[PDB]
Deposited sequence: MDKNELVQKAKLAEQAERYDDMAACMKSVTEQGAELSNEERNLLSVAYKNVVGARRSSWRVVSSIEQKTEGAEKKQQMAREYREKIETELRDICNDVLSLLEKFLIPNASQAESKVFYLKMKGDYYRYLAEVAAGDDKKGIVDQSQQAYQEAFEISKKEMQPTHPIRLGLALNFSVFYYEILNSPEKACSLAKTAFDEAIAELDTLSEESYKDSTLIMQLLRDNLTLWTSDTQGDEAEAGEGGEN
């Protein structure tokens, strides 16, 4: 039951039950067959929200624990940030495990390979956000390694205008500014993506991207 699953994914979506939506698209994915464009996006929507809720909670507690350098209270905030972190990794891991076993392997198309490399770079970046100590090092590396590989394929395969090409540019530059802390770099990757798609002149999906690209650039600048 695969369209059955995809349907219930659209259902749990309209219902805002992303635990549901995600368990559907994980099963879908687990069946083995390459994903359509609709399925790949439902997968991305489901988990982006499952992961998103953790990243969001994570930030809140993080500053609470930091703005609290008050002991037993910071300890309680520490252990809480941690439970969420654990939850956040298990999520990132389930996705990155899907990205290794099924998604990237089946990736026959270049756009496919790049969509799954981007994603693989996204989810190592979510891990990196909460990777402290000796840990952070290799985590960012894996993220940057997938973004970069993704970036080069796209550079020599897709058009400056491609929604998927644009979205990687958008996220790879967010990696730079936020994960690496390279504003100057993050701004060159972004500016160049815009400029090169502005010359070449999927509207809906790729105009919001330049929107986010340009929205980010004016902030940083």
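- Residues of the deposited sequence that lack C-alpha coordinates fall in the stretches 1, 71, 204-209, 230-245.
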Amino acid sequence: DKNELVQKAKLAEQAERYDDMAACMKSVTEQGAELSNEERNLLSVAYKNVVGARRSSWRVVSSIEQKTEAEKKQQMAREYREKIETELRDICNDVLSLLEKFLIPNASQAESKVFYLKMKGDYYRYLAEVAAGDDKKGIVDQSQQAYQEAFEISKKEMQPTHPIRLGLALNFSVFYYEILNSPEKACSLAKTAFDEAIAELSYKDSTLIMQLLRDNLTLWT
From here on, numbers count along this sequence of modelled residues.
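Whichever C-alpha set is largest while still superposing within 1.5 Å between the two forms counts as the rigid core.
- Comparing 208-216 with 11-19 in 8 other deposited structures of this protein, after superposition on the rigid core, the stretch with the greater RMS C-alpha deviation is 208-216.
- Between 51-59 and 191-199, greater CA displacement relative to the shown form is found for 191-199 when the structures in 8 other deposited structures of this protein are fitted on the core.
- Of the other structures of this protein that model both sides of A70, a third or more give it no coordinates.
- Look at the mean CA B-factor for 118-126 and for 71-79 in the entry; the higher one is 71-79.
- As the entry records it, the average C-alpha temperature factor is higher for 209-217, out of 14-22 and 209-217.
- When the modelled residues of the chain are ordered by C-alpha B-factor, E149 sits in the middle third.
- Among the modelled residues of its chain, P160 has a C-alpha B-factor that falls in the middle third according to the deposited record.
- For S36, the recorded CA B-factor ranks within the highest third of the chain. Only modelled residues enter the ranking.
- Compared with the other modelled residues of the chain, the Cα B-factor recorded for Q66 ranks in the highest third.
- Split the chain's modelled residues into thirds by C-alpha temperature factor. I91 is in the lowest one.
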